[PDB]
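Have a look at the structure below before the remarks.
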Ligand SMILES: N[C@@H](CC(=O)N1CCNC(=O)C1)Cc1cc(F)c(F)cc1F
Ligand SMILES: N[C@@H](CC(=O)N1CCNC(=O)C1)Cc1cc(F)c(F)cc1F
Ligand SMILES: N[C@@H](CC(=O)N1CCNC(=O)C1)Cc1cc(F)c(F)cc1F
Ligand SMILES: N[C@@H](CC(=O)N1CCNC(=O)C1)Cc1cc(F)c(F)cc1F
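Following this line, the structure appears as structure tokens:
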């Protein structure tokens, strides 16, 4: 017996997580049963913070809780209703922990788009109907900060579609000052933004299908406009209306279309803003500090920090995030150095010259902590493996004494790490995502001492001993003397003598990584375990975490090098003796579906069959912020001619050599069903047969319990059929 | 004949069938296109001149889609820039050409985007519809007259039918009715103001960045229907200052009490017109006969001249009340109505005498009246050999109803037992269109003596190229179920033998008053499946089929999805026990209603069919338009038939699709049976975890008639069949 498709679809062998919430510098909450505990990191003992019966007679079902920073109130989230990738709307009830009652007077309105606490205390701000309301106390009436909230037009406190999906990766457009004082927010105006219209069929009893309409700026279309505002909460008036001071953009940004990409608070009176231009290769860092005189926010032109690029676009997916020191006069920002590798640089608010404190043929992933004596960061520097992750601590007084805190803990089963720090970076938890079963340990920062193991997945590990689990080989091949990485989910009892069918699991998106040391139980696990299928992934040009030399290779050339490298990789995978070159499939989702489609039409005879789920077909169809970031603008004076060259429809004739399976969701707000609609029509006009499958009222995720089981049961047969498997 | 009829020969259309589509310009001559040239043939002796050459508009600069000669012959209407809309509707650009001058008319040209145009029955009076407003053009080069002034897109339809009256009622985009002399122009006005709108996406060429949303006034079962008013105008008394006064003919009080339709408009004489009205509950029609008052200029409809036609066992008519055929004086008319025995035969009526007297009778039905003279009435009926799938032309003397003489039964009973006819102006001659069972044959006859003059087209060229082909044979027979004779047909593969077991495909439609079993000769996908893949394509006509009486047609009345589904399973069970039919390989495929039956049959869990293909199927009858659905289902209300509306959905059988292999196909731009229906089908199958094959067609409507899409769907369905039947 092996890892079956039923196991994957039903979550038979479930990984164990350790979700903890640092409430202080030495205490973190943990989800035990349904009770809430409060662990003392120093001693490992806990004490019950809330029984699982406090909400026994509640009447609804909490989806997520939110204790106030001080610990005097707890916000309850129920009636969850999902919207886009990150956005959602739900209901909220405030619980007075001290009174041990439930707030009934002046309750948060239902259908609230976003809510969040202030960093300290119990001050509360939430967005409802596209407008910002702040409640100094849970029982006090809320103050209306904005009055221009308007559905599908004016977004105050929340991001619109493109900003949520392509920039902030969150529905929240609010930013609290370090302490409960100021509230910064953005205002998005989608008045002149075109609308995407697709049909929604709803439940069986919906006689006339509803037509969904979303402000969706496509490639080169009219983009939404952004305004930034800051308002003081400790001065709100119940008589007159609160005044919000608007922070404008530098002239280098106002000269044309632009975006807002980052908002980070330096000190209690200093706030950092980063602006991006339509043609996203020139960033600007405006540092604003409060003025007690005029009550305005002045941004010293003497404090800017220009960040441009020449080989490609600025930032991986956006300009990096600044990490200001405790005093707000020096920060750390991950940027790509001279040779093209992203490393931690050290800035001065007054000096426009940053000083890199790290360097090498690798990249710093993120900056996780900044104390007085040590800066903490994640990077793929260990053993020159980009697909690996470890935590290094660097001394601020010596840019040479760098210590790794995770490379050597358990190098056998731990090469991909994550960390969560306490409030004052006195302790930290380490997540070991792979290559072995996940591991959760607690550490004390004083001497980087290891305290205990919080979770080791020993319960799960006991089960896999009887099932035939697949092995995962991570290695590299050579393209034009450059070293590119790949991974192979090898079936159980792998024999290099027998010929195996190879399935190429591909994404190939800008700054992507499908080859890593991460342990995961997915559809590829069943394919190799039960069907004895070598499912592999490859990181060609465009893949990130390896320098701008590789990533920026596809700048303005989307659907070219990243497509060729995949073909080239499978070309060399087909000569390994254990790979039946006559049965090499490929499949991809989202961007991967676009590459898969661009591959099956390449006319190379390398691949026999393929599957493309929710693929892009024409870059003019996708949203602007993402598309234009890499392609430019669809104009004959910019890069229109490559927009027209990279369409998968213009490559239909060559689909006669391969079996194709096109799958898409009829409610895909992200990669509109229009994309696959144009693909099928192009194949029809050249007499190319293919398989297809639409999923009614499904989005880009196709995450419905029934839909998810259906699409993977459907693709599995297509693969078994193609490889001639029982 | 070592070669067989393949799918390429069908898709690429190798063996093409010829016709002889003429146009009677009078009682003596007709027009027929020869070799890009329009000719004029003399029915008496077969001589011919040339009415227009290929090198006449050769330099016109427009790919002419169609022409339109005038009754007299002084002008010819040219139709170019054709733009299809729905089934019968479209908008094209028009140009007039003066035959007596050989010059294109340019003064006050007919506007572009014109929705409908047509001359007067005699002369050269012209009336067209532009922006939903009627225009009258007395002379082809003089200014037009603004008849109606309420034209409004998707709201007010003047002179044209909306979507519902175009598909289910008149089967035409035209809402104009000239009087014989052309003096009066009768028209109807539709109002879809309160009608809901169906909204689906249109994707267009690659270059369209944002998908367009198509919105169409479409009344689903239960929703409010469009409202209709009727008007008449005197095309002579055209003021052009005060324009025109549109006299309105009000509907009968029996109809105005509630929702109702306008189902038929037939002119009796130069001053008498008959209007048939239909109620929401399609079982009570009322014909109104109105005369033009020469003193007040009004239109009164005497109650004595008003005729009631109702039905108790179902809906009245096959799809709508029959059209009346009035006499010369316009005081009596012969109309097709259902007998007291349940069969549809011709009845003789009088203007002011309600009790009609049938001139025909028997266990057969009259398909339709083709021509009416002062002494004989020519009609088509499935009487000969008692075959419901046959069509022959009959001639009955109006002074003696025993003088029943068939004109086509005996011409060639071998290759012809299904006839279509086209008479002259006064029926001096008539063309016979034998569609089957042999190769189509076109002939011309003279009614004065009823003798064959000359053969128009015997498709001898087609017969010459089928020599080197292994054609399938077609058998027409019947089985018996509960003392009733139900008919079926099979397309047997060439060299048929009972010593083998054949895969059998059940081609189905099974709609109300339908008939998939007949004698017609066809070259289609079924011919390829039988000729090449050796598949027995069979069809069955039982319970709900027309032309067999009301007791069979009105059986599924207010009960769709039970009798049609049950008989197809019963017939398939019958055919599976004949001997030469294999049990392991039996399928079923249907288009439109046939797709609804195909899905219902597979969802029945009867366990008979290995696979099944449904193309543009109906899901629930709440999704389809009102007039068609409510004609067979009543209203979807608790006090009517809502309970059956819900127990007849195909989604409620998603659980039973685990046994059968399913293939769902539907066009994205389908405005008749919306893609919404198939979307709900797949969603139901997904919610119960049953795998199936699916295929959408971008921008394709309910026809899937595109050149590239037609070949693609049948190529995909051929693979689905060949793999389900394990055929090499
Ligand atoms: N960009 C996403 C990649 C993705 O969607 N995949 C990759 C693998 N195959 C798929 O089909 C789906 C991941 C991602 C999205 C965010 F919004 C974000 F904030 C952070 C993230 F890491
Ligand atoms: N829009 C993209 C957002 C993204 O990639 N990231 C990277 C991780 N960090 C982020 O902030 C967000 C994802 C995406 C790309 C496609 F090409 C596509 F077809 C569909 C998609 F969903
Ligand atoms: N109702 C239509 C049913 C049909 O023939 N089918 C359905 C499936 N696809 C086909 O090609 C065959 C035919 C039809 C006949 C008339 F006489 C008429 F006036 C209007 C019509 F629409
Ligand atoms: N709407 C129907 C019109 C019709 O059948 N006729 C019969 C021949 N004479 C006429 O006047 C029109 C056709 C139809 C029925 C369905 F159930 C369906 F799903 C789709 C369809 F197109």
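Protein chains in written order, with the UniProt record's numbering: chain A, 41 to 766; chain B, 39 to 766. Beta carbons are placed, not taken as given, at the ideal position from N, Cα and C, and that holds for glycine.
Closest in C-alpha terms to residue 226 (chain B), from the list B:738, B:185, B:664, B:528, comes B:185. Taken from the Cβ of residue 632 (chain A), at least one heavy atom of ligand 1 lies inside 7 Å. Residue 724 (chain B) and residue 746 (chain A) do touch by the CB rule: their CB atoms are close to 5 Å apart, below 8 Å.
Counted as a single uninterrupted DSSP element, the beta strand (DSSP E) harbouring residue 733 (chain B) occupies residues 731-735. In this structure residue 419 (chain B) is buried. Its beta-carbon is surrounded by 16 or more other beta-carbon atoms within 10 angstroms. In this structure, residue 720 (chain B) keeps its C-beta atom at 8 Å or more from the C-beta atom of residue 707 (chain B). Counting the other CB atoms within 10 Å of its CB gives residue 187 (chain A) a total below 16, which places it among the exposed residues.
Relative to the non-hydrogen atoms of ligand 3, the Cβ of residue 124 (chain B) never comes closer than 7 Å to any of them.
The three-state reading of DSSP puts residue 508 (chain B) in strand, counting E and B together. Pairing residue 299 (chain B) with residue 440 (chain B), the inter-Cα distance amounts to about 38 Å. Distances between the C-beta of residue 209 (chain A) and the heavy atoms of ligand 2 include at least one below 7 Å. If you draw a straight line from the Cα of residue 48 (chain A) to the Cα of residue 742 (chain A), it is about 16 Å long. Residue ranges of uninterrupted beta strand (DSSP E) with 3 or more members, entirely inside the segment 405-462 of chain B and ordered along the chain, are 414-419, 430-435, 438-444, 454-461.
DSSP lists no bridge partner for residue 739 (chain A). Under the 10 Å beta carbon count, residue 382 (chain A) is surrounded by 16 or more other beta carbons and is classified as buried. Across the set B:201, B:206, B:230, B:162, the C-alpha of B:230 shows the shortest separation from the C-alpha of residue 190 (chain B).
By the beta-carbon neighbour count (other beta carbons within 10 angstroms, threshold 16), residue 289 (chain B) is buried.
Residue contact check for residue 721 (chain B) against chain A: a CB pair falls below 8 Å.
The three-state secondary structure of residue 252 (chain A), taken from DSSP, is strand. The alpha carbon of residue 113 (chain B) has as its nearest neighbour, out of B:135, B:97, B:123, the alpha carbon of B:135. The Cβ atoms of residue 264 (chain B) and residue 234 (chain B) lie no closer than 8 Å to each other.
DSSP lists no beta-bridge partner residue for residue 399 (chain A). If you keep only unbroken alpha helix (DSSP H) runs of at least 4 residues inside the segment 272-296 of chain A, you get 291-294. In the DSSP annotation of this structure, residue 551 (chain A) is not part of any beta strand (DSSP E), being labelled neither H nor E. If you check the CB distance, residue 103 (chain B) and residue 81 (chain B) do not come in under 8 Å.
Any Cβ of chain B closer than 8 Å to the Cβ of residue 318 (chain A) would place that residue at the interface, and such an atom is absent.
Within the same chain, and ignoring the five residues on either side of residue 715 (chain A) in sequence, the residues whose Cβ sits closer than 6 Å to its Cβ are 656, 657, 661. In the three-state reduction of the DSSP assignment, residue 124 (chain B) falls in the coil class. The beta carbon of residue 589 (chain A) is closer than 7 Å to those of 380 in its chain, skipping five residues each way along the sequence. Straight-line measurement puts the Cα of residue 178 (chain B) at about 9 Å from the Cα of residue 144 (chain B).
Residue contact with chain A for residue 239 (chain B): present (Cβ-Cβ distance below 8 Å to some residue of chain A).
For the segment 148-181 of chain B, there are no residues whose beta carbon sits under 9 Å from a beta carbon of chain A. Cβ proximity to chain A below 7 Å picks out 706, 714, 717, 718 from the segment 704-718 of chain B. Ligand 4 has a heavy atom closer than 7 Å to the beta-carbon of residue 357 (chain B).
When DSSP states are grouped into helix, strand and coil, residue 130 (chain A) belongs to the strand group. Assignment of residue 679 (chain B) by DSSP, reduced to helix, strand and coil, places it in the coil class.
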